[PDB]
Structures are given as C-alpha cells and as structure tokens.
Amino acid sequence: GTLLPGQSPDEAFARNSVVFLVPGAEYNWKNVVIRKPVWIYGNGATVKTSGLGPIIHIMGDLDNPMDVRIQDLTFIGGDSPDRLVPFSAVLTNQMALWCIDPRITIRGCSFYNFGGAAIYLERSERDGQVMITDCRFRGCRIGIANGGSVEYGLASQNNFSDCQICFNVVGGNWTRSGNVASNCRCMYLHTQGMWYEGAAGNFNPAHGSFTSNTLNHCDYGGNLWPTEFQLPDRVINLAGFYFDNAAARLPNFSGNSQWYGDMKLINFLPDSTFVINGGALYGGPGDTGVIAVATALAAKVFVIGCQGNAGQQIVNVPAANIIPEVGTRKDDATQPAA
Amino acid sequence: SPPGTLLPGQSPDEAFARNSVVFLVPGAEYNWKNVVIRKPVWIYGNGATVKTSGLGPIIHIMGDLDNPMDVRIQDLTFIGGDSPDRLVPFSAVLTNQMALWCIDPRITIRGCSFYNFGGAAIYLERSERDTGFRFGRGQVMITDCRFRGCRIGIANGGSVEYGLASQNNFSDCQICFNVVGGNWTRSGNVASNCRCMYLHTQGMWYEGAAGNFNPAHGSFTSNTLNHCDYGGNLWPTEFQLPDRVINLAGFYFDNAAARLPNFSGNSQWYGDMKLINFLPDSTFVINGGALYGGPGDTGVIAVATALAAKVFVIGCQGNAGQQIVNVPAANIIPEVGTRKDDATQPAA
Amino acid sequence: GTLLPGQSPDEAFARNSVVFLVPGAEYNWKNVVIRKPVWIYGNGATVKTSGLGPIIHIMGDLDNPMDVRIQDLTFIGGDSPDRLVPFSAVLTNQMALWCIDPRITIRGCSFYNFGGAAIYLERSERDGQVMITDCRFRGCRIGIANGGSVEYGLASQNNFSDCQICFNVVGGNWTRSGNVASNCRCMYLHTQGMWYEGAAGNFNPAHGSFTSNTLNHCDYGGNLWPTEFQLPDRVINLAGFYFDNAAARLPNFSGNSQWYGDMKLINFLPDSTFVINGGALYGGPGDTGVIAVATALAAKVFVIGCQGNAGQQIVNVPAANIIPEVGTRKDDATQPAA
Ligand SMILES: [Cl-]
Ligand SMILES: [Cl-]
Ligand SMILES: [Cl-]
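Here it is in structure tokens:
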C-alpha cells in the first residue's frame, strides 16, 4: 500500500485497507472517492488541487467498525484567499474533505487556503465517534463544518489562523477543547439557515462543550476577513462567538480566553441558562471585543469566575449575574444585532 | 524473519522478546491469546485488528518501572467478542476478559480501539503498594482511543498514579473509568450511552496487589457523560461488586476514606450523580458544568444529607427538569435546575 | 532518508524533507543544524550527546508552511541531573532542541536530564502555530522555554517529573492544558530578567491560558531541586506557580489541581483581575502548598469555585473574593517574598 505521485488515489484506496504516501512528496488530487474504510499515512506529504473540489469525497459506513483515518498530511486549496468575495453555493464546493456518515480520525494534518470548509461532515439521514486533533488551519473560509446528526465528535488541540469561521456548528454534542484561534473573525457560529447543514438539516443542534479555547483578535488588531457573511437566504454580522437560534441551547462554556473575542448571544431556547465560566475577557479601547446578550434573555445569562480589564464591555447581563465583577457593564437594547 | 516484523500466525511472544520495536502488517487481522510481554517494546499497529479466544487477557504486560523505556502501543484495534451480553451479572471469571493486563506500567496507549470486552479493556495494577516519595511512577498516558461495548473501559488499581486519560471516546460501556489509583488527570473525554463514566468506592474489582490505597482525588475536567440513566444507555444500573451490589450512576462516589477529584467543565445531559460518602476534611464543587435532565427522576444529582454543606454548584448552566438533591440553596451560585431535599437520596 | 547511527545527521536533514530513524537504536549527536524544514520519525530511537549543547540547532523560516516535526524520539542529556550547581549562562546551552523562529511540532518525545531547557524556542526579532504534546520530561532543569514573540503555542498532555521549572514562560498567548507535574519545584515561572527571553526580549509576555493542569508535590514531597534559583541579575525563591512582573498580565487559570502546589502572585499589571477558577487546593500541615498574593494587588484576585482542605492556606486574598469558602484564609504582609 504505497501510493506514488501520479498513480490513481481512487484505485489505491479501493485495493488497500492502509496506504502510505511517499514521504514529503507533492500530490495533485481532485474529486477522489473513498467508498470503504481506508487509513492514509501521509508521511509529511502535501496534496494540492485545482478546479471545483472537494479533494476527497468520503462515503461512510457507520456499521463498519474500521474508521477512515488520515494522519500527517497537508492539503492546499490554492493561493491566499480574496477575503472580500461574498461566500456562495459554488464556493461551498471548495473543500479538502467532504465526509458523509463519518467514522473518521483526522490527526496532525494541515489545511491551507480553502474557499469553503476545509473539512465538511454530514449525515445522509437523520438519527461515528469522530476525532479531529493536532491540525493546523490557515487562510480557510471555514475550518470544520459538522452538519445535523453528526454528533459527539471531538475537535481538540487544533490551531486556527486567518480563517473566517473556525467551527461552522450544526450537529450537536461535540467536544471542542484546547483549540487556539488568532486573527479569525469567528471561532464558533451557530444559527438557523446555515451552510453545510447536510441531508439531516438543522437538527438537535449545538449544546455540546466549548472549553479551554482561545479566540483572540477576532474583531480588532489582526483578523482580515469581513464581519458581514452571506448565508443562503440572509446576511449576518459575525462575531468571535455568534449564537442565534431560539430552538437551540448553547454549549457548555468554561475556561476560554477572549482578547478581542466579541460575543453575541442573540437567541437561544428559553428552558436553559448560560454561563461564561472561568474565562478571560479583555477588550477596549472603544467597542472592541464586546460581549452582548439579547435583553429578553439576559436574566438567563451569567458571568462567573471571570477575569478581565476595565475596557471589556459586557452589555445587558444584569450586575447581579456577574460574580465576580469584571470589565464595564452597561445596558443597550440595540445590542446584539444579528 | 525480518527484525521488527510480525505476521499473523507467528508467535507474538517471541517477536516481542527479540525486538524493541515491532511493526504489524498494515490492516491485517491477528488472533492472539495470553501473550506475555516481559520487557519494554513498541508496537506500531498500522491499523491492524487483534481478535482472541478463551479466558483473556490478550496481552499480559509484566512492567519494569526501573526501565525508562515505555511499552508503547499505537494505531491497533482489539476485539474481545461479537457484541455484549449486557444482562449477565459481572463476576470473578469475567474479570479475565481484558485486552491489556499491565502490572507496574510504564505505558503509552494511543490511537487504539477496544470492542466488546467482557471485563476491563485496559487493566493497570501495581505489584505492591507504593509509599515512596517518587510520585507518579510510569507516567502513563492513554489518549485518542475509542471504546465500545466494553463492560469496563480503563481500570487503574491502587498505586497506579498520576496517569493521564484524555481525548478518548466511550460508547455503550457500563463503566468507563473504574477508578482506584489516585491523582490521574482525565480530561476532554466523550461518553454517550454509558451507564457510568466514573466509579469509585470501597470493595471494587481491579484493585490489584496494592489494594484500595490513596484513591481517586485526581482531576476530572472538560468531559461529557450523556444518556447514562435515560435515553440511550442499555447496560443495567444494578452492578455486582465482589461482595455486594450497587446501583450505578454516571458519576458514583462512595468512600468515607477518600476524596473526590477536582470537577470542572463537565457536561451532564442525563449524567446522574451520586455523592454518597467522602473524606470530611474536603469540599467538592460541581464547577462550570452543564446540567440537563428531566422529565421525572432522570439525570438526578444527589448528595448525602450529612455531607451536603461541603458540596457546592458554581458557575453551572441547566434546565428546569434538572434536579439537584440535598445541596443547600446558598451553595448553588448561580441558581440552576430545580432544588429539593430528600433524605432517602442518594441510595447506594 | 533512513539515517543510521554514526552517519552525519546534518547531511541527512539537508538532503531529505523526511527522515526515519532505525527503530529502537541509540544515536550520538552534537550541535546538529537544521536549515530547512524537515520531519524526523524517531521510531522509539534514543539520542545521546556530549560537550556544550544544544543537540539540534533549528533555523526556522516562518514563511515556509512545512513545519519541522519530531515524533517518537528520546533525547538524553546525561545519566542524571546536577541539581545544586548554580544555574548559569554556560549551562543554558545544555538543551535538546534550540529553535529559532519556530514552526515546530514535537509529539511523543521524551526528554531526560538536561542541564538547561530541554526545548528552547526563540524569536530573532520582535514581531509558528507551535505544538508540543504527549511528551515526557524527566530530570530537566527546564522543560519548555518560550522566548518573547514566540506566541500562540500549545503545550498539552505532557508529563513532567523531577524538573526545576516546567514552563519558563516569556512569550505571550500560549495554551497550556491537561499537563501533569509531580516533584517539580515550579510548574509555571514568569518574571522580569529571565533566562531564555531570546533576541525579542521580555515582550508582550504571558497572559495565555493555563487550564486542567496538575502541579502536585512542588514544595513538599520528593522534589530535589533547590527553591533558590539564580537569574542573570538576582536569586529568586521558586514556587509551583511564580508570577512577578508589574508590566504583564497573568494567564487564565481554570481547572487546575494544586496538592502542595504553592503559588506566589507578587506583581502583575494593575488593569487586570485574576481568578483561581475551578481549582483543587490541598495543603498542610504547616506552611506547605501556600498560596499568597501581594497585599497591594489582593483586591484584584479572586478564588471562585474551588475545593480544598483545612490545611490549605490562602494569604492576603480578601474574604469577600473567595466564593465558596475554601481552606484557611489569613493576612500576612510579609508574603509573598520574591
Ligand atoms: Cl456545540
Ligand atoms: Cl480521580
Ligand atoms: Cl501564559
């Protein structure tokens, strides 16, 4: 199972349970199809592409115990992004890994300059143990997009730099821990009518775990991507952490650092509360790194065990729910805007 | 054979004895039974599968902590059967049905899978009780592993200490962490449809030669324990210990002579909890948790009335149907769920 | 590249992008130089050395997207450490890896008995996505030293035994999560005039994330390394967590165990607060595992959601800042001493 540059990756994956790339070599792949579980040992190779993606389309089989596994592999989606081009349906095609019904492990890989999601995971029908760790993302529209009913995955110890949206979140119950983002407009996005919902749609969404993450310089002092983001049927204004869905609950949120990590809690299920727990909230001067909740749900939001500076604004959360005192608190019913 | 090669049908015992590093045939199927490792070796699984037969374990690892080389096993699947009978009472004979039995472990296990073990998939013990001031011997790491259909995931006996069990995924196991040995870090693990993620009490299975010594008091952070008592788990609540029966919970602690781990950043959607007894010179906090339960008595968190003043619930979110029993209202900041007193809870 | 013991490492690294070592074999390398990115597959090998270090000198290129990667390799700096000799400028040379302008991944490696920092990362000018995970450190003066402007790294799931200073922290914005330390005098050090600041100096320091870590038996237990530590211009008295810089901010601190994990918060930037969040704080009998904050900054320090025993001492933190009540609290203007 040794796959040379120029040989058909499709043939090699069909013929072998495990494939080893030539160490450090350069590949050029386009619309590869994986139909049964295969392990790839990338050996520090690089996979380039051109034209409409994805680079690999992975047809899953959740009954089969053997996962698809990709280790130690670089994927390049092309040159540096034009970050001003509006996102579109045709650009959603520009993926590294499009995975349906995924039982998959992605470890120690790098993803550079994808026009859409570097990694997209969807479910063919509504109802895996997915793991994405130690990966690097640079210059990508979206880092990892999990569609509805892709649940209970783990994305941890990954580094995101210069990505518009790190986690395009739909499917529920993922653990996202120990991840670093800098100069990314959005680390966490969840709302209705997203891209990359997949065949199960926007079902049992979000409500997972977001711990020990850093989202720095989202809205100020490094990020280059636009705030305004085109969904399929409306335009929104992203934030480092953006949540707008009255029919969904937020994830558990503890141990995270926000240095210009602006946050907008626009709407969530009324039978819930939310805590910004054990966090570091630094912002200012001016309206930079602002944290804001919908006035109608502010009594259900708390800021507990947080540290911060005077310049960090907290908008609409009542004073009684901020223990201990952190930043500067105010009421402004114009915030947060969608 | 070539050095470092091990084909199916060849002797695993002989290959490990003659090599410091062994590479398996990529993707191949192996069939191994009562294999003995007597010195440190690394195994590169290369996506292989190992099946077995009879009373296990598949590998018995005789560790030497004075040797600085770890036994390292990577990228290897272990299968202990077709699918679990979940109704059989657990027993002394079933404790044999292990993948890895490790004594005095200096070990790294990573990228591995464990399916349908009748006992603990991984059992770690000491040949003797460790009362030295050389702490955390072995520096054990178990990470990026998947467990499913297993009676017990990882069992760490007395005096196997300061291990790390992180970024693992447990599906359909009765007890993920059978906890005896103290000071382990367990972080960022995902459990779904497992009756119990964390068990510690007196008179446990898998205590090893050191016994129930210096137990628990570790770190338990950023973990998810979902659908433990409702809406997914299929294993029985009733669980047979060597000398008594208990009723498991997602998190079960009953030991007057031991302290609970640090507990912060954990998600509990039907992750029931029973704090039955712990050492009095201690406090416990459910810190920065997500506590979702209801309707009815589903996902219930309960503390013994005698010790309730020592338990706090700080920085937690949750829904109305989440019950929190016996913890005083003043100890819950901010308010979460529906608080109640009930001196009959928790039962053992 | 299959590099054998006795062959020239330098020439091997210059001619291949990826190199595989002989599995299990012993190597002896001294002042090896890496000038272009390269991956080393260690295969459970061991690298010994002699004379003035470092073992490998790695010249980084931050513009090249291929990282330098070292996996599954053991580095040995001696048979056992010399712990009581005063630290010095010449001894700073006794390193495994010296990394200038690093884009580096170190995974599953082990580091034994280094007289300076096992791993030293520095920046050749003031302004990497660096990752150090699943590594073992035994017997080292210093585990990981990150210089100024070496930022946004990740050091996680590492284990430290019998090291003087696990993390010599200068450069800002690191995520350090899920690491275990026993019998190490100090897990986290940050002050002014440190060793290993690097050409960029003491710039934009610390203020990262320190979550889910264990720092046990720092001042009581089996630790052999002196509390007295020679900096270039003075001697300090180490603790488990040591912070003394009026011009820098502390990291976010959540989910950490401190069983005889003494802590000294001596000075930090006034425009900030600090929380010991979600902690386990166990100490005593006597003055063991003591946590103390400078009286002038005490009102900015909180202890939120922590558990402990009676013998844990918390010094100068006001009673109103400790929620819930944990351990034994007192005032003493003489602590912390530097
Ligand atoms: Cl989520
Ligand atoms: Cl524990
Ligand atoms: Cl820091």
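Residue numbers (the working numbering), protein chains in the order written: chain A, 1 to 338; chain B, 1001 to 1348; chain C, 2001 to 2338. Note that beta-carbon positions come from the ideal geometry of N, C-alpha and C, so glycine has one too.
Secondary structure of residue i, DSSP reduced to three states
| i | result |
| --- | --- |
| residue 2340(C) | The question about residue 2340(C) has no answer, for chain C in this structure spans 2001 to 2338. |
| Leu2004(C) | coil |
| residue 1349(B) | Because residue 1349(B) is not part of the residues shown, which for chain B are 1001 to 1348, the question remains open. |
| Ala246(A) | coil |
| residue 1966(C) | Nothing about residue 1966(C) can be read from this structure; chain C reaches only from 2001 to 2338. |
| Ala1290(B) | strand |
| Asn64(A) | coil |
| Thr1283(B) | coil |
| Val290(A) | coil |
| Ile2055(C) | coil |
| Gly1271(B) | coil |
| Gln71(A) | strand |
| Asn1262(B) | strand |
| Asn2309(C) | coil |
| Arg2234(C) | coil |
| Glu1238(B) | strand |
| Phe302(A) | strand |
| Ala1249(B) | coil |
Within 7 Å, strictly: CB atoms of residue i and residue j
| i | j | result |
| --- | --- | --- |
| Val2317(C) | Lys2330(C) | no |
| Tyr1115(B) | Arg1148(B) | yes |
| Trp2259(C) | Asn2216(C) | yes |
| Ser1171(B) | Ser1187(B) | no |
| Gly2193(C) | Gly2147(C) | no |
| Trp2195(C) | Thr2092(C) | yes |
| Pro1002(B) | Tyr1030(B) | no |
| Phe20(A) | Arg126(A) | no |
| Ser1267(B) | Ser209(A) | yes |
| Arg2103(C) | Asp2067(C) | yes |
| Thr1052(B) | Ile1059(B) | no |
| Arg2136(C) | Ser2110(C) | yes |
| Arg1259(B) | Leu1279(B) | yes |
| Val2018(C) | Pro23(A) | yes |
| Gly1271(B) | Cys1316(B) | no |
| residue 1358(B) | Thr211(A) | What the structure shows of chain B is the stretch from 1001 to 1348, and residue 1358(B) is not part of that stretch, so it cannot be assessed. |
Chain A contact residues for residue i, given Cβ-Cβ distances below 8 Å
| i | result |
| --- | --- |
| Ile1314(B) | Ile304 and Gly305 |
Cross-chain neighbours of residue i in chain B, by beta carbon under 9 Å
| i | result |
| --- | --- |
| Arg69(A) | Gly1047, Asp1075 and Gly1111 |
| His2190(C) | Per Cβ cutoff of 9 Å: no residues; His2190(C) is ~23 Å from chain B at best. |
| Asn2028(C) | Ordered by position in chain B, no residue passes the 9 Å Cβ test against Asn2028(C), which lies about 17 Å from the chain. |
Interface partners of residue i on chain A, CB under 7 Å
| i | result |
| --- | --- |
| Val1190(B) | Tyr152, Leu154 and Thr175 |
| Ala1320(B) | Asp271 |
Amino acids of chain A, ordered along the chain, whose beta-carbon sits closer than 9 Å to that of residue i
| i | result |
| --- | --- |
| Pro1026(B) | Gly1, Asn16, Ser17, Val18, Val19, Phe20, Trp39 and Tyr41 |
| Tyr1115(B) | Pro65 |
Contact list for residue i against chain C, beta-carbon separation under 7 Å
| i | result |
| --- | --- |
| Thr1221(B) | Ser2212 and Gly2255 |
| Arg136(A) | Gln2129 |
Within chain C, partners of residue i - CB distance below 9 Å
| i | result |
| --- | --- |
| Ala118(A) | Residues of chain C passing the Cβ test: none, with the nearest at roughly 14 Å. |
Beta-carbon neighbours of residue i, restricted to chain B and to distances below 8 Å
| i | result |
| --- | --- |
| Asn2204(C) | The premise fails here: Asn2204(C) is roughly 28 Å from chain B at the closest Cβ pair, so nothing lies under 8 Å. |
Chain-ordered chain B contacts of residue i [CB-CB under 7 Å]
| i | result |
| --- | --- |
| residue 2339(C) | The requested residue 2339(C) is not part of the displayed model; chain C covers only 2001 to 2338. |
**Under 7 Å (Cβ pairs) to chain A, residues found in the region 2251 to 2284 of chain C** = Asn2252, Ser2254, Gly2255, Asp2271, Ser2272, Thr2273, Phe2274, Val2275, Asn2277 and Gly2278
**Asked** For the region 10 to 48 of chain A, which segments carrying the beta strand (DSSP E) assignment without a break, of at least 3 residues, lie completely within its bounds, in sequence order?
**Response** Runs of beta strand (DSSP E) with 3 or more residues, each lying fully within the region 10 to 48 of chain A, are found at 18 to 21, 26 to 28, 32 to 34, 39 to 41 and 46 to 48, listed in chain order.
**Prompt:** Quick one, which residues of the region 155 to 167 of chain A are near chain C if we go by CB-CB under 7 Å, in chain order?
**Reply:** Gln157, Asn159 and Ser161
**Item:** Completely contained beta strand (DSSP E) runs for the region 1081 to 1141 of chain B, where each covers 3 or more residues
**Value:** 1100 to 1103, 1107 to 1110, 1113 to 1115 and 1120 to 1125
**Item:** Residues within the region 1132 to 1143 of chain B neighbouring chain C, beta-carbon criterion of under 7 Å
**Value:** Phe1133, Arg1134, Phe1135, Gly1136, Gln1139, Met1141 and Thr1143
**Request:** Compile a chain-ordered list of the residues in the region 2316 to 2331 of chain C whose CB is closer than 8 Å to at least one CB of chain A.
**Result:** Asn2321 and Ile2323
**Item:** alpha helix (DSSP H) runs contained entirely in the region 2156 to 2225 of chain C, provided each spans 4 or more residues
**Value:** Restricted to the region 2156 to 2225 of chain C, not a single alpha helix (DSSP H) segment is unbroken, complete and at least 4 residues in length.
**Request:** With 7 Å as the limit, tell me which residues of the region 2209 to 2238 of chain C have their beta carbon closer than that to any beta carbon of chain B; keep them in chain order.
**Result:** Of all residues in the region 2209 to 2238 of chain C, those with a C-beta nearer than 7 Å to a C-beta of chain B are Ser2212, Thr2214, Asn2216, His2217, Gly2221 and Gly2222, reading in chain order.
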